[PDB]
Amino acid sequence: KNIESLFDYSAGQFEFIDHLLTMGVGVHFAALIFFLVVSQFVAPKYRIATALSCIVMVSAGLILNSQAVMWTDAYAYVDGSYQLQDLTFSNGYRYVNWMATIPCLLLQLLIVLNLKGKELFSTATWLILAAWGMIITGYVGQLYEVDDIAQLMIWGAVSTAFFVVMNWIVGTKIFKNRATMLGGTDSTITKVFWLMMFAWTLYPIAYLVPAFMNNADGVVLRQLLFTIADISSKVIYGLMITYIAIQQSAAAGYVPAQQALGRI
Ligand SMILES: *C\C=C(C)/C=C/C=C(C)/C=C/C1=C(C)CCCC1(C)C
Ligand SMILES: CCCCCCCC/C=C\CCCCCCCC(=O)O
Ligand SMILES: CCCCCCCC/C=C\CCCCCCCC(=O)O
Ligand SMILES: [Cl-]
Ligand SMILES: [Cl-]
């Protein structure tokens, strides 16, 4: 039901997707190690944000490594190409974790914005349903990525609508709460928001890849877009949310944050 299943692969195409995914694993688990070690410099009121990037990290990676292994399971080298065998490879599983990981990353953004209590809980609920809305219509969407390109695109459209709207909540909260942020980070947070615009927009582009390059090289460009967008949405975004928590913690008098910064 997916375009991955339609083609045999050259050894070059096949090895590259394997390395892409394996390199993702590497990055997401090496990153996991970092937020873990620097969590001790983050003040108690921001420490969940870093914590939540650990979880993002172990969620991508788990999925990624599983995709890696389903890739070599599904295909074998037959008559000079890599050909599909008894098992299948799908990206089905990548949408499912975005059900899981997006809240996390929206939540860690909200936490560094200094949202508290009912505005935290309420913002958090709308966004989580908003992004849930986006993922699930696109998830259904890609189900017809071979059979019925009409649905992918209408399902796409329904899902972008969800994207636009979630994007709007987010940025309202970012520029609404900009002034609350300590230690320079009101400038930083606006770079965060644009980074999100960039990375998030790469996934729907992977989404459309079938309608505009339905062939084995589009399969490869899809996984390329995913790695870029995952690295950008998950890890680097993580990196940047952490910088913001450390700096606010030290601006707010958390001495191990003042010592970690001053130590560099
Ligand atoms: C790992 C983190 C993130 C933020 C993944 C985000 C995924 C999207 C922004 C996907 C958006 C899509 C849309 C808008 C339309 C077609 C189907 C998608 C869900 C891929
Ligand atoms: C900021 C995100 C960076 C993500 C790193 C991704 C690594 C990709 C780097 C170089 C791509 C060029 C490699 C050539 C593709 C070979 C094509 C083929 O085998 O058919
Ligand atoms: C194992 C798969 C192939 C990759 C090999 C792993 C080599 C790791 C290279 C960097 C991974 C990205 C994590 C970036 C470091 C975070 C610490 C920091 O700079 O703040
Ligand atoms: Cl605190
Ligand atoms: Cl994820």
Side-chain angles (χ1 to χ4, degrees), residues 24-65 93-135 166-167 169-171 173-174 177 180-183 185 188-200 203 229-252 254 256-257 260:
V25 185
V27 191
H28 282 64
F29 264 84
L32 164 51
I33 293 332
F34 164 77
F35 313 120
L36 180 78
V37 153
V38 299
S39 64
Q40 89 195 278
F41 306 110
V42 167
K45 81 165 84 151
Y46 296 115
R47 219 173 277 134
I48 196 66
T50 314
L52 295 159
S53 322
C54 298
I55 284 140
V56 158
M57 290 303 105
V58 53
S59 188
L62 273 205
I63 281 280
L64 301 185
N65 181 68
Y93 322 102
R94 248 170 157 119
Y95 292 61
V96 183
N97 247 25
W98 302 331
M99 293 291 285
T101 65
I102 295 201
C104 283
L105 300 143
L106 291 171
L107 192 43
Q108 60 171 165
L109 165 77
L110 308 171
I111 288 328
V112 291
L113 271 163
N114 309 312
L115 293 203
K116 66 165 310 161
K118 183 160 38 71
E119 190 209 8
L120 171 49
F121 166 68
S122 55
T123 302
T125 310
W126 285 112
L127 265 165
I128 277 188
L129 298 142
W132 281 359
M134 155 196 98
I135 293 136
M166 160 167 53
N167 281 347
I169 286 139
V170 152
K173 282 317 190 201
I174 272 168
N177 287 261
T180 84
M181 295 189 253
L182 311 170
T185 63
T188 326
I189 189 76
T190 67
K191 270 68 97 188
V192 165
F193 152 84
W194 286 108
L195 166 64
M196 289 154 98
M197 296 315 75
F198 167 68
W200 291 29
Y203 300 103
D230 273 335
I231 288 172
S232 305
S233 36
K234 299 184 147 51
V235 198
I236 306 203
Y237 176 88
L239 263 186
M240 296 207 57
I241 298 283
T242 280
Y243 163 76
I244 279 196
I246 288 191
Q247 181 73 58
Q248 277 197 96
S249 317
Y254 191 66

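The first residue in the sequence is number 1, and the count goes up from there. Hydrogens, waters and symmetry mates are skipped; everything else that's a heavy atom, side chains included, is used.
In this structure the side chain of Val112 never reaches within 4.5 angstrom of the side chain of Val192, judged on heavy atoms. Between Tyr237 and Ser53, the closest side-chain pair of non-hydrogen atoms is not below 4.5 Å. At least one side-chain heavy atom of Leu106 sits under 4.5 Å from a side-chain heavy atom of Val170. Using a 4.5 Å cut-off on side-chain heavy atoms (C-beta onward), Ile135 and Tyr203 make no contact. Side-chain contact between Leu36 and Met57 is absent, with no heavy-atom pair separated by less than 4.5 Å. A heavy-atom distance below 4.5 Å is not found between the side chains of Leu113 and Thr180. Residues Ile48 and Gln108 form no side-chain contact, since every pair of their non-hydrogen atoms from C-beta on lies 4.5 Å or further apart. Looking at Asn114 and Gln248, their side chains come closer than 4.5 Å, going by heavy atoms from C-beta outward.
Between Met181 atom CE and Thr190 atom OG1 the span is 8.5 Å, to the nearest 0.5 Å. For the atom pair OG1 (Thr242) and OH (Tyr46), the distance works out to 13.0 Å, reported to the nearest 0.5 Å. Between the CD1 atom in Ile246 and the CD1 atom in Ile241 there is a gap of 12.5 Å [rounded to 0.5 Å]. Annotation: the span from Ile128 atom CD1 to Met99 atom CE amounts to 9.0 Å, rounded to 0.5 Å.
Listed by chain and number, the residues in a ring pair (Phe, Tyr, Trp, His ring centres under 6.0 Å) with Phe41 amount to none (sequence neighbours excluded).
No more than 12 heavy atoms of other residues, nucleotides or ligands lie within 6.0 Å of NZ in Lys116, so this atom counts as exposed by the packing criterion.
Residue pairs that meet the salt bridge (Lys or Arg N to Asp or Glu O under 4.0 Å) test with at least one member in residues 231-240, sequence neighbours left out, are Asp230-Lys234.
Put simply, the residue from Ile111, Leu109, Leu105 that forms a side-chain contact (heavy atoms from CB on, under 4.5 Å) with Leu107 is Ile111.
Across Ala43 and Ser249, no two heavy atoms sit closer than the pair N-OG, 3.0 Å.
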